[PDB]
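Just one chain is shown here, as structure tokens, and it is the form deposited in one PDB entry.
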């Protein structure tokens, strides 16, 4: 596995934030750990690149761990990176960078490279920190050659220079004759460096004739100059789309810009679009995306706020409603920039972006690039001409990457072929970020998120704890679904690709209902891998709840659960050969074994749901306690929840003889069945042995309620 092991000093380290920022922007698989672990898992390749933020952590580590990493590095061949001007052309890692016992790279040098004679392994030592652009430029190649081209970036760069807000100036802040002619000449003279390189323009048609006589003469010259130029859709009046909560008004704005597009001979076959200040794109507005595909067929768009605006190296892309959203990184050119001295930050602030700022980070750590600039940086002083010309000069003066500015459709397609794990989205809470709250529409509310989570698994008593917590006056439930009913099946399946507003539909409005506490019982979240990370990303403060029973009884309950759900695999095959099935079996029997014996391993699923949440948010409950005396268990869940008015569950609940539990509750949670076979119980105890002792030290490790069934089945083994 190409897991990058990073030894950071603290979680708030600046150099560590820069290294992991480069790693997630280039999608290098990481795991954060404080510098002092398990180097290999069952004799396999756990790590492939070892990055040290401090060289003293690699030099002054423990002798046993040092000899162990030396054995691991010689036997498996991993890369060691340790952090403490031109580039050398005769270097084996010159696949990205272009020049303008150990061998130098940045010629000694701040970035060196040893072949390996003392330790017999290739390593790269960074003498300087991660602040200069050249250090990051050779850092990508250092990561690629130290991993044996397994963590690389492709040679084919795909840059998409986008220019927003065309014809938006009121008076005196627009383009003229000379700057428009210089813009067309800048596009054609720089087309020899990069094949079919253009300037994609975001047009607005309302503020087209508001300028003076000199400003209108330069804007009318661009109409016959549309032959060799790229232009992308925007809206007419230049207002944010979150105020337009209807399809009619927003669609009429882009329809007026479509009239402006066909009127002046402007091409509409590009498929790219931008909203002002990126409104309604994250949180995903269904109106903006559907208006994009409805009136413009936009399949490629961009965003400057995923998963937050600060910073830009954490920026992702996603595919929602058939639109391949990309990350947008501005070059510092906003709509308030009029002159060279009217720039926010001075004239040296724009040159900071040119000589190694956001521009170079976007084209270096990410193989696909999107940029943000407006018409006001192309008029009175030509800011974007000098900026983008010096940028693209810097790219051919410092990179071997065969870069071609091609249409946005295959540009987004290449973004998703390179980034396979970034195809799926990752939703967050819009109320935590005030900028996201201002970007999102003010029509919807903010407190529709639940505060309790029921992960499951199934056939353990989750419906009993769900229905018995709904009778509480300070606790309220969610709306039942049509197919999944009490389940919502959001975080574990493909329902997570439906938006943040899709999850809010299942919960009631906080203004209409008096109770604001919500919860849902989605018991198939235990047997999932993507679900804890997505649940922690959308709801970081939602406490979880899991109940555990005997895995033999839970597996047999799943076996007879499938028997009641008309599954023919449980109907034909006897349970005794399902617990002993191997590789030589049918696909249906293997599927039934993968859904019957796999989610009885509570240790692996609690390890999945435990790494994404705080230990106080978890609460493991014994199932036999819910069978015998559940009211005291409801007392511990009330102390775990911290409710306001605590009710007496000893008086409300009572013993029911026909149900077998204290209760009222459905037939599916109280099914009667005979016992197992003695040989089946013996093989089930031997199969679930390691899981039971691992679950015993795992539940004792969390400092929570030790189960009675674990104490009963644990005494037979130990």
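Residue numbers count along the first chain shown, from 1. Take the two forms, find the largest set of C-alpha atoms that superpose within 1.5 Å, and that set is the rigid core.
The stretch of deposited sequence separating residue 36 from residue 37 contains 4 to 9 residues lacking coordinates in this entry. Unmodelled deposited residues between residue 610 and residue 611: none, per the record.
The following text describes the form deposited in another entry, which does not appear among the structures shown.
In a core superposition between the shown form and the other one, the Cα of 138 is the only one among 488, 531, 469, 138 shifting by 2 Å or more. Once the rigid core is overlaid between the shown form and the other one, residue 404 counts among the residues whose Cα shifts by 2 Å or more. Taking the rigid core as fixed, one finds a CA shift for residue 541 smaller than 2 Å between the shown form and the other one. Once the rigid core is used as the reference frame, the Cα position of residue 43 differs between the shown form and the other one by 2 Å or more.
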